[PDB]
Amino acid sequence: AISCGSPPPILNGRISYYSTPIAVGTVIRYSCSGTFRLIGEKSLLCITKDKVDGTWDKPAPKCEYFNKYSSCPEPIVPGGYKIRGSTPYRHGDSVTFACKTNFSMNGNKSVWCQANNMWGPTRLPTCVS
């Protein structure tokens, strides 16, 4: 049967318990200690895009030591708006976007405020007509 290999590790974090072999459809959950903040989506899904090999559906998220002083500027996406998360934007906070009518999204819809005061592991999504 199709499987995924060992999930990507996470420094200063934990990965939920999983059985072997890792079957398509398996969901893994990452988390961080109390003084750390998780940056990126917490659950990875074992999927198959070509019906032959298995891959996790996204990169593993990371744990950043908490920086109570960090703050990210308002994330703005022309053609779109926020459907989750609002100011102030602190370390570990997340924002989720949606595109206005007649606009379609490109890229990941959610971003995280990182310790270096910049948004998510990926670039802000874009909205095009």
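In case it trips you up, residue 1 is the first one in the sequence shown, and so on.
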* **Between 90-98 and 73-81 (mean CA B-factor, as deposited), the higher** => 73-81
* Taking the mean of the C-alpha B-factors per stretch from the entry, tell me the winner out of 99-107 and 63-71. => 99-107
* Pull the Cα B-factor of residue 35 out of the PDB entry and bin it into the chain's lowest, middle or highest third. => highest
* Asked: What third of the chain, by the recorded C-alpha B-factor, contains residue 17?
  -> highest
